[PDB]
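What follows is the content of coords.pdb (PDB, N, CA, C and O atoms).
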```pdb
MODEL        1
ATOM      1  N   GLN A   1       8.295  -2.146   7.018  1.00  0.00           N
ATOM      2  CA  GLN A   1       9.675  -1.727   6.654  1.00  0.00           C
ATOM      3  C   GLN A   1       9.788  -1.475   5.154  1.00  0.00           C
ATOM      4  O   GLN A   1       9.266  -2.250   4.347  1.00  0.00           O
ATOM      5  N   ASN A   2      10.476  -0.385   4.796  1.00  0.00           N
ATOM      6  CA  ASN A   2      10.670  -0.009   3.391  1.00  0.00           C
ATOM      7  C   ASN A   2      12.125   0.345   3.094  1.00  0.00           C
ATOM      8  O   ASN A   2      12.541   0.326   1.931  1.00  0.00           O
ATOM      9  N   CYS A   3      12.899   0.670   4.146  1.00  0.00           N
ATOM     10  CA  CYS A   3      14.306   1.068   3.998  1.00  0.00           C
ATOM     11  C   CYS A   3      14.996   1.142   5.369  1.00  0.00           C
ATOM     12  O   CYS A   3      14.382   0.852   6.400  1.00  0.00           O
ATOM     13  N   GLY A   4      16.280   1.533   5.359  1.00  0.00           N
ATOM     14  CA  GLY A   4      17.047   1.662   6.583  1.00  0.00           C
ATOM     15  C   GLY A   4      18.311   0.825   6.578  1.00  0.00           C
ATOM     16  O   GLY A   4      18.703   0.293   5.538  1.00  0.00           O
ATOM     17  N   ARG A   5      18.936   0.692   7.755  1.00  0.00           N
ATOM     18  CA  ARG A   5      20.191  -0.071   7.918  1.00  0.00           C
ATOM     19  C   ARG A   5      19.965  -1.586   7.837  1.00  0.00           C
ATOM     20  O   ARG A   5      20.924  -2.365   7.778  1.00  0.00           O
ATOM     21  N   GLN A   6      18.695  -1.980   7.825  1.00  0.00           N
ATOM     22  CA  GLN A   6      18.309  -3.397   7.769  1.00  0.00           C
ATOM     23  C   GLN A   6      17.979  -3.856   6.346  1.00  0.00           C
ATOM     24  O   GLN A   6      18.063  -5.049   6.040  1.00  0.00           O
ATOM     25  N   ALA A   7      17.606  -2.904   5.488  1.00  0.00           N
ATOM     26  CA  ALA A   7      17.254  -3.196   4.093  1.00  0.00           C
ATOM     27  C   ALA A   7      18.448  -3.006   3.145  1.00  0.00           C
ATOM     28  O   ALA A   7      18.299  -3.097   1.920  1.00  0.00           O
ATOM     29  N   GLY A   8      19.633  -2.763   3.722  1.00  0.00           N
ATOM     30  CA  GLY A   8      20.838  -2.537   2.928  1.00  0.00           C
ATOM     31  C   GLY A   8      21.060  -1.059   2.644  1.00  0.00           C
ATOM     32  O   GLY A   8      21.801  -0.697   1.728  1.00  0.00           O
ATOM     33  N   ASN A   9      20.394  -0.209   3.454  1.00  0.00           N
ATOM     34  CA  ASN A   9      20.455   1.265   3.355  1.00  0.00           C
ATOM     35  C   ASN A   9      19.914   1.775   2.009  1.00  0.00           C
ATOM     36  O   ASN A   9      20.672   2.024   1.062  1.00  0.00           O
ATOM     37  N   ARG A  10      18.588   1.896   1.944  1.00  0.00           N
ATOM     38  CA  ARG A  10      17.894   2.385   0.752  1.00  0.00           C
ATOM     39  C   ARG A  10      17.260   3.753   1.050  1.00  0.00           C
ATOM     40  O   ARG A  10      17.705   4.450   1.967  1.00  0.00           O
ATOM     41  N   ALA A  11      16.240   4.151   0.268  1.00  0.00           N
ATOM     42  CA  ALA A  11      15.547   5.425   0.477  1.00  0.00           C
ATOM     43  C   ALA A  11      14.059   5.295   0.170  1.00  0.00           C
ATOM     44  O   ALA A  11      13.678   4.606  -0.782  1.00  0.00           O
ATOM     45  N   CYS A  12      13.223   5.958   0.980  1.00  0.00           N
ATOM     46  CA  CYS A  12      11.770   5.918   0.792  1.00  0.00           C
ATOM     47  C   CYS A  12      11.279   7.186   0.096  1.00  0.00           C
ATOM     48  O   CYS A  12      11.446   8.296   0.612  1.00  0.00           O
ATOM     49  N   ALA A  13      10.678   7.004  -1.089  1.00  0.00           N
ATOM     50  CA  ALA A  13      10.161   8.120  -1.888  1.00  0.00           C
ATOM     51  C   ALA A  13       8.731   7.855  -2.393  1.00  0.00           C
ATOM     52  O   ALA A  13       8.294   8.446  -3.391  1.00  0.00           O
ATOM     53  N   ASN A  14       7.996   6.988  -1.682  1.00  0.00           N
ATOM     54  CA  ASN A  14       6.622   6.644  -2.058  1.00  0.00           C
ATOM     55  C   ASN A  14       5.602   7.519  -1.319  1.00  0.00           C
ATOM     56  O   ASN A  14       5.120   8.514  -1.870  1.00  0.00           O
ATOM     57  N   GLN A  15       5.282   7.141  -0.077  1.00  0.00           N
ATOM     58  CA  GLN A  15       4.320   7.877   0.760  1.00  0.00           C
ATOM     59  C   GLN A  15       4.740   7.874   2.229  1.00  0.00           C
ATOM     60  O   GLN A  15       4.332   8.750   3.000  1.00  0.00           O
ATOM     61  N   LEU A  16       5.555   6.885   2.604  1.00  0.00           N
ATOM     62  CA  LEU A  16       6.044   6.739   3.979  1.00  0.00           C
ATOM     63  C   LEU A  16       7.449   7.345   4.118  1.00  0.00           C
ATOM     64  O   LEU A  16       7.890   8.078   3.226  1.00  0.00           O
ATOM     65  N   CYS A  17       8.158   7.045   5.229  1.00  0.00           N
ATOM     66  CA  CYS A  17       9.493   7.619   5.450  1.00  0.00           C
ATOM     67  C   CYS A  17      10.454   6.710   6.188  1.00  0.00           C
ATOM     68  O   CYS A  17      10.108   6.049   7.169  1.00  0.00           O
ATOM     69  N   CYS A  18      11.683   6.720   5.670  1.00  0.00           N
ATOM     70  CA  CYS A  18      12.796   5.948   6.198  1.00  0.00           C
ATOM     71  C   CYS A  18      13.739   6.806   7.032  1.00  0.00           C
ATOM     72  O   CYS A  18      13.808   8.027   6.860  1.00  0.00           O
ATOM     73  N   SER A  19      14.457   6.137   7.935  1.00  0.00           N
ATOM     74  CA  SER A  19      15.451   6.782   8.792  1.00  0.00           C
ATOM     75  C   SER A  19      16.676   5.874   8.952  1.00  0.00           C
ATOM     76  O   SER A  19      16.605   4.676   8.658  1.00  0.00           O
ATOM     77  N   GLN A  20      17.799   6.447   9.422  1.00  0.00           N
ATOM     78  CA  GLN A  20      19.043   5.684   9.624  1.00  0.00           C
ATOM     79  C   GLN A  20      18.919   4.753  10.841  1.00  0.00           C
ATOM     80  O   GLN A  20      19.368   5.070  11.951  1.00  0.00           O
ATOM     81  N   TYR A  21      18.271   3.601  10.607  1.00  0.00           N
ATOM     82  CA  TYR A  21      18.031   2.589  11.646  1.00  0.00           C
ATOM     83  C   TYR A  21      17.776   1.223  11.004  1.00  0.00           C
ATOM     84  O   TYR A  21      18.471   0.244  11.292  1.00  0.00           O
ATOM     85  N   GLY A  22      16.773   1.194  10.135  1.00  0.00           N
ATOM     86  CA  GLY A  22      16.373  -0.027   9.450  1.00  0.00           C
ATOM     87  C   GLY A  22      14.869  -0.112   9.280  1.00  0.00           C
ATOM     88  O   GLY A  22      14.352  -1.150   8.853  1.00  0.00           O
ATOM     89  N   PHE A  23      14.167   0.983   9.611  1.00  0.00           N
ATOM     90  CA  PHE A  23      12.715   1.023   9.506  1.00  0.00           C
ATOM     91  C   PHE A  23      12.224   2.248   8.731  1.00  0.00           C
ATOM     92  O   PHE A  23      12.789   3.347   8.836  1.00  0.00           O
ATOM     93  N   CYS A  24      11.183   2.013   7.926  1.00  0.00           N
ATOM     94  CA  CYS A  24      10.521   3.048   7.138  1.00  0.00           C
ATOM     95  C   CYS A  24       9.004   2.889   7.278  1.00  0.00           C
ATOM     96  O   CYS A  24       8.486   1.771   7.189  1.00  0.00           O
ATOM     97  N   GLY A  25       8.304   4.009   7.495  1.00  0.00           N
ATOM     98  CA  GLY A  25       6.859   3.978   7.686  1.00  0.00           C
ATOM     99  C   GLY A  25       6.276   5.357   7.946  1.00  0.00           C
ATOM    100  O   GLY A  25       6.541   6.295   7.196  1.00  0.00           O
ATOM    101  N   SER A  26       5.488   5.478   9.021  1.00  0.00           N
ATOM    102  CA  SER A  26       4.849   6.753   9.375  1.00  0.00           C
ATOM    103  C   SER A  26       4.967   7.080  10.864  1.00  0.00           C
ATOM    104  O   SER A  26       4.777   8.232  11.263  1.00  0.00           O
ATOM    105  N   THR A  27       5.283   6.065  11.678  1.00  0.00           N
ATOM    106  CA  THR A  27       5.409   6.227  13.134  1.00  0.00           C
ATOM    107  C   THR A  27       6.603   7.128  13.505  1.00  0.00           C
ATOM    108  O   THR A  27       7.515   7.330  12.697  1.00  0.00           O
ATOM    109  N   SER A  28       6.574   7.659  14.738  1.00  0.00           N
ATOM    110  CA  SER A  28       7.612   8.563  15.245  1.00  0.00           C
ATOM    111  C   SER A  28       8.872   7.806  15.701  1.00  0.00           C
ATOM    112  O   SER A  28       9.267   7.844  16.873  1.00  0.00           O
ATOM    113  N   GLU A  29       9.483   7.114  14.741  1.00  0.00           N
ATOM    114  CA  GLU A  29      10.714   6.342  14.955  1.00  0.00           C
ATOM    115  C   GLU A  29      11.498   6.310  13.653  1.00  0.00           C
ATOM    116  O   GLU A  29      12.727   6.429  13.638  1.00  0.00           O
ATOM    117  N   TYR A  30      10.746   6.145  12.569  1.00  0.00           N
ATOM    118  CA  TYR A  30      11.278   6.108  11.212  1.00  0.00           C
ATOM    119  C   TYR A  30      10.987   7.417  10.490  1.00  0.00           C
ATOM    120  O   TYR A  30      11.744   7.830   9.606  1.00  0.00           O
ATOM    121  N   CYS A  31       9.885   8.059  10.885  1.00  0.00           N
ATOM    122  CA  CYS A  31       9.458   9.318  10.288  1.00  0.00           C
ATOM    123  C   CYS A  31       9.182  10.366  11.370  1.00  0.00           C
ATOM    124  O   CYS A  31       8.061  10.475  11.883  1.00  0.00           O
ATOM    125  N   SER A  32      10.228  11.114  11.729  1.00  0.00           N
ATOM    126  CA  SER A  32      10.112  12.167  12.742  1.00  0.00           C
ATOM    127  C   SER A  32      10.563  13.507  12.169  1.00  0.00           C
ATOM    128  O   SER A  32      11.388  13.546  11.260  1.00  0.00           O
ATOM    129  N   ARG A  33      10.020  14.598  12.712  1.00  0.00           N
ATOM    130  CA  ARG A  33      10.357  15.947  12.235  1.00  0.00           C
ATOM    131  C   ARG A  33      11.463  16.607  13.068  1.00  0.00           C
ATOM    132  O   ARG A  33      12.121  17.540  12.597  1.00  0.00           O
ATOM    133  N   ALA A  34      11.658  16.122  14.296  1.00  0.00           N
ATOM    134  CA  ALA A  34      12.678  16.669  15.195  1.00  0.00           C
ATOM    135  C   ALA A  34      13.715  15.618  15.603  1.00  0.00           C
ATOM    136  O   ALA A  34      14.745  15.957  16.196  1.00  0.00           O
ATOM    137  N   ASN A  35      13.443  14.346  15.276  1.00  0.00           N
ATOM    138  CA  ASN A  35      14.347  13.243  15.620  1.00  0.00           C
ATOM    139  C   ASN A  35      14.613  12.312  14.427  1.00  0.00           C
ATOM    140  O   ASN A  35      15.434  11.393  14.531  1.00  0.00           O
ATOM    141  N   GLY A  36      13.931  12.556  13.298  1.00  0.00           N
ATOM    142  CA  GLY A  36      14.106  11.710  12.127  1.00  0.00           C
ATOM    143  C   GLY A  36      14.121  12.473  10.817  1.00  0.00           C
ATOM    144  O   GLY A  36      14.906  13.409  10.640  1.00  0.00           O
ATOM    145  N   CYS A  37      13.231  12.056   9.894  1.00  0.00           N
ATOM    146  CA  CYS A  37      13.093  12.644   8.543  1.00  0.00           C
ATOM    147  C   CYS A  37      14.410  12.608   7.758  1.00  0.00           C
ATOM    148  O   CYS A  37      15.077  13.634   7.571  1.00  0.00           O
ATOM    149  N   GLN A  38      14.783  11.403   7.324  1.00  0.00           N
ATOM    150  CA  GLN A  38      16.002  11.208   6.539  1.00  0.00           C
ATOM    151  C   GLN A  38      15.617  11.024   5.077  1.00  0.00           C
ATOM    152  O   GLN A  38      16.216  11.630   4.183  1.00  0.00           O
ATOM    153  N   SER A  39      14.607  10.173   4.854  1.00  0.00           N
ATOM    154  CA  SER A  39      14.062   9.916   3.528  1.00  0.00           C
ATOM    155  C   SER A  39      12.940  10.923   3.214  1.00  0.00           C
ATOM    156  O   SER A  39      12.800  11.929   3.919  1.00  0.00           O
ATOM    157  N   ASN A  40      12.147  10.660   2.160  1.00  0.00           N
ATOM    158  CA  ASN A  40      11.047  11.551   1.770  1.00  0.00           C
ATOM    159  C   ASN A  40       9.868  11.436   2.752  1.00  0.00           C
ATOM    160  O   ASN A  40       8.928  10.658   2.541  1.00  0.00           O
ATOM    161  N   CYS A  41       9.956  12.208   3.840  1.00  0.00           N
ATOM    162  CA  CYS A  41       8.920  12.223   4.879  1.00  0.00           C
ATOM    163  C   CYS A  41       7.879  13.315   4.615  1.00  0.00           C
ATOM    164  O   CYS A  41       8.169  14.310   3.947  1.00  0.00           O
ATOM    165  N   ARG A  42       6.657  13.104   5.157  1.00  0.00           N
ATOM    166  CA  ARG A  42       5.503  14.035   5.026  1.00  0.00           C
ATOM    167  C   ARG A  42       4.920  14.071   3.607  1.00  0.00           C
ATOM    168  O   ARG A  42       3.704  14.204   3.437  1.00  0.00           O
ATOM    169  N   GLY A  43       5.793  13.953   2.607  1.00  0.00           N
ATOM    170  CA  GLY A  43       5.367  13.973   1.215  1.00  0.00           C
ATOM    171  C   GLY A  43       5.667  15.296   0.537  1.00  0.00           C
ATOM    172  O   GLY A  43       6.769  15.433  -0.035  1.00  0.00           O
TER     173      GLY A  43
ENDMDL
END
```

Please render this file's structure as structure tokens.
Amino acid sequence: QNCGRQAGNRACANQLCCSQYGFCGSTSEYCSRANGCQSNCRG
């Protein structure tokens, strides 16, 4: 976890990706192209 509704609503700008839920990473839940990509996804 790096951001989301669980971290106090932050943003991921490192290498992984956050979404409006509470999880940030690389999996197709926090970082999706058709269902996610809220933070800095893909790079």

Got a sec to resolve the PyMOL selection byres ((chain A and resi 19) around 5) on this structure and send the residues as a PyMOL selection string? chain A and resi 3-5+17-18+20-23+30+38

Residues matched by the PyMOL selection byres ((chain A and resi 15) around 7) as a short mmCIF file (atom, residue, chain, number, x, y, z; two decimals) with N, CA, C and O atoms, in the frame of the given file:
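What landed in result-v8.cif:
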```cif
data_model
loop_
_atom_site.label_atom_id
_atom_site.label_comp_id
_atom_site.auth_asym_id
_atom_site.auth_seq_id
_atom_site.Cartn_x
_atom_site.Cartn_y
_atom_site.Cartn_z
N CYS A 12 13.22 5.96 0.98
CA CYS A 12 11.77 5.92 0.79
C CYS A 12 11.28 7.19 0.10
O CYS A 12 11.45 8.30 0.61
N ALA A 13 10.68 7.00 -1.09
CA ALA A 13 10.16 8.12 -1.89
C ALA A 13 8.73 7.86 -2.39
O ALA A 13 8.29 8.45 -3.39
N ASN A 14 8.00 6.99 -1.68
CA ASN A 14 6.62 6.64 -2.06
C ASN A 14 5.60 7.52 -1.32
O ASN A 14 5.12 8.51 -1.87
N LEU A 16 5.56 6.88 2.60
CA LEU A 16 6.04 6.74 3.98
C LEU A 16 7.45 7.34 4.12
O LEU A 16 7.89 8.08 3.23
N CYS A 17 8.16 7.04 5.23
CA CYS A 17 9.49 7.62 5.45
C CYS A 17 10.45 6.71 6.19
O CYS A 17 10.11 6.05 7.17
N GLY A 25 8.30 4.01 7.50
CA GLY A 25 6.86 3.98 7.69
C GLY A 25 6.28 5.36 7.95
O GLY A 25 6.54 6.30 7.20
N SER A 26 5.49 5.48 9.02
CA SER A 26 4.85 6.75 9.38
C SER A 26 4.97 7.08 10.86
O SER A 26 4.78 8.23 11.26
N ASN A 40 12.15 10.66 2.16
CA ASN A 40 11.05 11.55 1.77
C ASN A 40 9.87 11.44 2.75
O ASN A 40 8.93 10.66 2.54
N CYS A 41 9.96 12.21 3.84
CA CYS A 41 8.92 12.22 4.88
C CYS A 41 7.88 13.32 4.62
O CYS A 41 8.17 14.31 3.95
N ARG A 42 6.66 13.10 5.16
CA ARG A 42 5.50 14.04 5.03
C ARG A 42 4.92 14.07 3.61
O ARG A 42 3.70 14.20 3.44
N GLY A 43 5.79 13.95 2.61
CA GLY A 43 5.37 13.97 1.22
C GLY A 43 5.67 15.30 0.54
O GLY A 43 6.77 15.43 -0.04
#
```

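Atom pair atom CA of residue A:9 / atom C of residue A:34: separated by 20.0 Å.
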
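Here atom C of residue A:1 is placed at a distance of 12.9 Å from atom N of residue A:29.
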
Atom O of residue A:10 sits from atom O of residue A:33 at a separation of 17.8 Å

Residues flagged strand (DSSP E) by DSSP in chain A, as a PDB file with N, CA, C and O atoms, keeping the file's coordinate frame:
```pdb
ATOM      1  N   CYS A  17       8.158   7.045   5.229  1.00  0.00           N
ATOM      2  CA  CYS A  17       9.493   7.619   5.450  1.00  0.00           C
ATOM      3  C   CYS A  17      10.454   6.710   6.188  1.00  0.00           C
ATOM      4  O   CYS A  17      10.108   6.049   7.169  1.00  0.00           O
ATOM      5  N   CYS A  18      11.683   6.720   5.670  1.00  0.00           N
ATOM      6  CA  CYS A  18      12.796   5.948   6.198  1.00  0.00           C
ATOM      7  C   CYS A  18      13.739   6.806   7.032  1.00  0.00           C
ATOM      8  O   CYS A  18      13.808   8.027   6.860  1.00  0.00           O
ATOM      9  N   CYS A  24      11.183   2.013   7.926  1.00  0.00           N
ATOM     10  CA  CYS A  24      10.521   3.048   7.138  1.00  0.00           C
ATOM     11  C   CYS A  24       9.004   2.889   7.278  1.00  0.00           C
ATOM     12  O   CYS A  24       8.486   1.771   7.189  1.00  0.00           O
ATOM     13  N   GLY A  25       8.304   4.009   7.495  1.00  0.00           N
ATOM     14  CA  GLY A  25       6.859   3.978   7.686  1.00  0.00           C
ATOM     15  C   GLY A  25       6.276   5.357   7.946  1.00  0.00           C
ATOM     16  O   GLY A  25       6.541   6.295   7.196  1.00  0.00           O
TER      17      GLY A  25
END
```
